[PDB]
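These notes are about the structure you will find just below.
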Amino acid sequence: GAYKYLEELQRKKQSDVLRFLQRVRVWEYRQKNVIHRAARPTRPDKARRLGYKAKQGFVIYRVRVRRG
Amino acid sequence: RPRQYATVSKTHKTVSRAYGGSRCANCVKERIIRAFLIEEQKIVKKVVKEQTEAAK
Amino acid sequence: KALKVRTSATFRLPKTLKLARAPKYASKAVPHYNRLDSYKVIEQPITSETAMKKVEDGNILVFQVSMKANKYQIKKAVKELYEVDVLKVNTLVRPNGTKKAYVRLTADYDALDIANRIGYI
Amino acid sequence: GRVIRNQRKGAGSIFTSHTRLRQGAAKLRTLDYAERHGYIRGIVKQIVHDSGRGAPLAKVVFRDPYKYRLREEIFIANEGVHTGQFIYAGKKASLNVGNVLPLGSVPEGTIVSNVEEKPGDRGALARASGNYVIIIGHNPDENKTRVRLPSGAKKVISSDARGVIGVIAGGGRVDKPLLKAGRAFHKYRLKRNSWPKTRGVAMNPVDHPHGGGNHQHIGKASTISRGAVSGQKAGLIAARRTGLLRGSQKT
Amino acid sequence: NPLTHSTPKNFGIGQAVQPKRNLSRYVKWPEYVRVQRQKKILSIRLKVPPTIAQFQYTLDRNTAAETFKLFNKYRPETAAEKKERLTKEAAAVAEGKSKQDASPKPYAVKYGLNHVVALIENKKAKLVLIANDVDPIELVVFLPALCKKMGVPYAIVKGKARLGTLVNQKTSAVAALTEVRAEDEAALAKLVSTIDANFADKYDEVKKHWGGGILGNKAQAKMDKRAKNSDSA
RNA sequence: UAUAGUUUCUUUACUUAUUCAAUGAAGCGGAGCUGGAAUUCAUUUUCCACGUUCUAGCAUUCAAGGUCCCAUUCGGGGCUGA
RNA sequence: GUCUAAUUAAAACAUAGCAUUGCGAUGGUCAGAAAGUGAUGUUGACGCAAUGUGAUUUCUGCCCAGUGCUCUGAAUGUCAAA
């Protein structure tokens, strides 16, 4: 199994690798629109914890909202 | 009026001269002269730079 | 291999193969019959002494007409229903809400003849 | 209490500028390549009056280097410019009036106008009638040019910044009195709605802080802080001193 | 000939309306282009951490062709041959009653990420291939360390699309071999020794070394100018 | 007073984050030719320019020319010109 | 010249003129719940904004203690959260 590794590694968020990855992906999301499609997710481990089964009829939408 | 300038003929809207119904005759004369003369003067500038750069 | 060329710094949308529709089935499955035929543009004549002076002297028919109709329709409908030829058409909206049409023929035909053929006068 | 005039002035339904007869925005040519590596010639075709503006304008015409096209610009005319006049804009251009040299290309004591404080703004400082900028000196290393601005102030801008040489036309405009509320009326009729002006001290206290009383009088002081707010700011904002000017500004 | 002339135009600054040139450099591209370009740019500028750029040290194309030839030998089956296989199996179970073993044993490549990870943690693998082009990199950043801890030989190779071509899919993100025929086990050992010299043995030092920190052409040129002018002697 | 470590703070520096402005995102940066200045202590260090200024004209047709192919034919393409 | 339409047309308001104040645009004044938002601003100190006085002539005196506005920061001063 790999989703277990993914889950623990995504828990290690103040590790250097993940905070780097975070920096990058936030740059690119921010350069994209506010509500914008994703045809695959970013955390398949998580989408699978929650109900995502990678078949036809499931959709990811990445969305950012102001803060405060 | 400017659609009667459509229904009328080329004879009414124009003269037999270059730059006919657009520019005055005297302005035409002026720019003809100016063309000829500064072309000649550009030739002269060219040959002056030519002989100078060839000497040096 | 090396890259393409580009003369203008504008990047426009490409053109793209625009398919059409012939899709799989029909939207309504029955073509509606003619919304506006002669037997609907011409409802009834008019027989007021004014319009009868007209049809007597001026060689003019006077009809009552749908609000959806126009002069081409009226002309064609008259040419069909009455086997005549028609010179011109002047229409108005009667303030009872209807349309009225003054219809002038050629000098060949006679409006009196075709009206007392129709069976009003 | 009400919202007052100075606060209504910012929404501005009626206070907007009356921008009909204005021939366009009087901006410089864009700083593309020819200007920053050589020069380029245009021609002043016609000087005209801009409404709301005391300084005239000069419809200049250039050529497009990239296309058979005749991009026309609008320059603020300096004193001496005339029709049919060749305007040379760029870096290796010659120092005569009407040209658009940069400040690293001009020497000290040079007199310019319609200057940029940031290259590519297409026109700024010294745009009004009679006014000019004076070059003071340079720092080519750390390419910076010191300039004196009509306030009397000193500023330091990119020596790659541009500016027309000479002084803006229309000078001596305010050396003449108007004599007439009607002259003022028409002037502001073409500029905007800031005329006439009522006095708060003659208003009611609902209408202005200085208003009210059984005499026209202010009460508190007319010197207000910059740490005040909308509705408190009616008078002398952040005034360091006050009254008649008894000697040198000492700036 | 005597009518043809030589005009030549001066394309300088005030003259000769400039001609068509290749402005590939000065284009207003769209946002998706800008995003992916600046994305890779930023992901080289930043000080990448060693467990990334553990990638970016990929396999040279020669041994790549070798290993892919090998895997194409040990390719899996498609639907048509699976169908006829099990038709034969039906015939044999019907007439000979061979207990689902009339067909032979297959030798094929193992693909699938969790398949492969359990294969490794059980140590049934002979070789592992890993793709570098992966967009969620978290899926694969651990596979190397795991393969090391287990003692398995791994390699990073170019093309998850290549793995997909190999394995009848679009992508695979991973591949591995666990059981091979004796006709090729020797080439397998050779290839593995080469790989282990390339990737497995250098695990410690690449794990130590931080990547990135790289600058553009304009900036590197300016740094060169400044540095040679400062160290002028 | 010198130290191998952790530490705080001051200053400075870098660009990709972020921020600002412009444009139809047109000429960025580096190097290289040419000429000039340039003194060279071998052999070149470098630095400057690298097509436009008497004149209210004109400047456009993948550029004319030069060169190489095709298939001559109506022509057609490439490189250079840049 | 203007205003209290329907009891106050005036010495009131405005006015030109005088003076002061802020602002060199990363700005001053103002607006918006917010915003990759706006007015001044198609603007640039002979300008914008804010105040006061009220043609011209002649003069605008003493007071910075108090209340405001402001300019100074080395300080056994005070002094929040972190």
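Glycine gets a Cβ as well: all are built from the backbone with ideal geometry, and neighbour counts include every protein chain shown. Coordinate-derived values only; no laboratory data.
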Inter-chain shielding of C:6-12 (mean C-beta neighbours from other protein chains, 10 Å cut-off) | 5
Label point 7 Å beyond Cα of E:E77 along Cβ direction - residues of the stretch E:96-124 with amide nitrogen under 17 Å = E:98-111
Of all C-alpha pairs within the stretch E:28-142, those more than 19 angstrom apart amount in percent to 68
Just the number, please: percent antiparallel of the DSSP beta bridges in chain E, rounded to the nearest 5.
-> 55
Ratio Rg/Rh [Cα only; Rh per Kirkwood] for chain B | 1.41
Selected from D:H82, D:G163, D:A202, residue furthest toward positive end of dipole (chain D; charges at beta carbon) | D:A202
Bin all alpha-carbon pair distances of chain C at 5 Å intervals from 0 and give each bin's fraction as a whole percent.
-> 2, 9, 16, 16, 12, 6, 4, 4, 4, 5, 5, 4, 4, 3, 3, 2, 1, 1, 0
Scattering from the C-alpha atoms of the stretch D:180-251 alone, worked out with Debye: what is log10 I(q)/I(0) at q = 0.24 1/Å?
-> -1.01
Please express the Cα-Cα pair-distance distribution P(r) of the stretch E:144-233 as a list of whole percents, one per 10 Å bin, running from 0 to the bin with the greatest distance.
-> 13, 26, 27, 15, 13, 6, 1
Please report, in Å, the Rg and the Dmax of chain A, where both are computed over Cα atoms only.
-> 13.5, 39
Nearest 20 debye, what's the magnitude of the dipole of chain C about its Cα centre given +1 on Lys and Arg Cβ and -1 on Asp and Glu Cβ?
-> 1940
Report the dimensions of the stretch E:59-215 along its three principal axes from the alpha-carbon atoms, largest first, rounded to Å.
-> 70, 30, 29
Projected area, mean over directions - the stretch E:120-190, Cα convex hull, nm² = 5.2
Dipole of the stretch C:12-121 (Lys/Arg Cβ +1, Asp/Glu Cβ -1, origin at the Cα centre): which of C:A22, C:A69, C:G119 lies farthest to the positive side?
-> C:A22
Order by neighbour count: D:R183, C:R35, fewest other Cβ atoms within 10 Å first, most last.
-> C:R35, D:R183
Dipole of the stretch D:5-57, Cα-centred, from +1 at each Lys and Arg C-beta and -1 at each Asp and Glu C-beta, to the nearest 20 debye?
-> 260
State the three equivalent ellipsoid semi-axes of the stretch D:51-146, derived from the C-alpha gyration tensor as the square roots of 5 times its eigenvalues, in descending order and whole Å.
-> 23, 18, 13
On full extension of the chain, what length is gained from D:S94 through D:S248, given 0.36 nm per residue of separation minus the C-alpha to C-alpha distance?
-> 51.6 nm
Label-point separation, D:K9 to A:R25 (7 Å along Cα→Cβ), nm = 5.3
Return the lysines within reach of E:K208: Cα separation strictly under 18 angstrom, same-chain partners fewer than 8 residues apart disregarded; answer none if there are no such residues.
-> E:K47, E:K148, E:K149
Rounded to whole Å, sorted largest first: equivalent-ellipsoid semi-axes of the stretch D:102-178, Cα gyration tensor = 24, 12, 10
For E:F68, E:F199, D:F86, what ranking results if the residue with the fewest other Cβ atoms within 10 Å of its Cβ goes first?
-> D:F86, E:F68, E:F199
With Rg and the Kirkwood Rh both taken from Cα atoms, where does Rg over Rh land for the stretch D:1-122?
-> 1.09
Inter-chain shielding of E:14-23 (mean C-beta neighbours from other protein chains, 10 Å cut-off) = 5
Kirkwood hydrodynamic radius (C-alpha pairs) into Stokes-Einstein, the stretch D:1-45, 25 °C and 0.890 mPa s, D in µm²/s = 162
Taking the stretch D:106-251, the whole-percent share of alpha-carbon pairs separated by over 27 angstrom is 52
Can you work out ³J(HN,Hα) from phi for every residue in the stretch D:19-29, in order, using Karplus 6.51 cos²θ - 1.76 cosθ + 1.60 and θ = phi - 60°, giving whole Hz and x for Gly and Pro?
-> 10, 8, 7, 6, 6, x, 7, 8, 10, 6, 4
Just list whichever of C:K4/E:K39; D:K27/E:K40; D:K27/D:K67; B:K49/E:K9; B:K13/E:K9 have alpha carbons separated by over 29 Å in the model shown.
-> D:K27/E:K40; B:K13/E:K9
If you wrap a convex hull around the C-alpha atoms of the stretch E:90-148 and split its volume per residue, what is the figure in Å³?
-> 123
Pairwise label distance in nanometres, E:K9 with E:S98, each label 7 Å out on the Cα-Cβ vector = 8.0
When the Cα atoms of the stretch E:179-228 are enclosed in a convex hull and the volume is divided per residue, what value in Å³ results?
-> 153
Those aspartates and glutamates that a straight Cα-Cα span of less than 19 Å connects to B:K10, excepting residues fewer than 8 apart in one chain | none
Calculated Rg and Dmax of chain D using C-alpha coordinates, Å = 22.5, 73
Out-of-range pairs (alpha-carbon distance over 25 Å; input A:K13/E:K160; A:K4/E:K123; D:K118/E:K225; C:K1/E:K160; D:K155/D:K187) | A:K13/E:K160; D:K118/E:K225; D:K155/D:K187
Equivalent ellipsoid dimensions for the protein assembly as shown as semi-axes, Å, which come from the Cα gyration tensor, largest first = 69, 58, 38
Two-site FRET efficiency, D:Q46 against E:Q220, from Cβ-Cβ distance with R₀ of 60 Å, rounded to 0.05 = 0.70
Proximal charge balance of E:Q15 [Cβ under 12 Å; K/R count +1, D/E count -1] = +4
For the stretch D:12-84, the Cα-Cα pair-distance distribution in 5 Å bins from 0, as whole percents, is 3, 14, 22, 21, 16, 11, 7, 4, 2, 0
Expected sort for E:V93, C:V55, C:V5, E:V180 with the fewest Cβ neighbours (10 Å cutoff) up front is C:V5, E:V93, E:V180, C:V55
Compactness ratio of the stretch C:59-113: Cα Rg over 2.2 N^0.38 Å, N = residue count?
-> 1.10
Between A:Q56 and E:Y57, what FRET efficiency comes out of the Förster formula 1/(1 + (r/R0)^6) with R0 = 35 Å and r the beta carbon distance, rounded to 0.05?
-> 0.40
Under 15 Å from the A:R40 label point (7 Å along Cα→beta-carbon), backbone N, the stretch E:151-194 = E:159-165, E:169-175
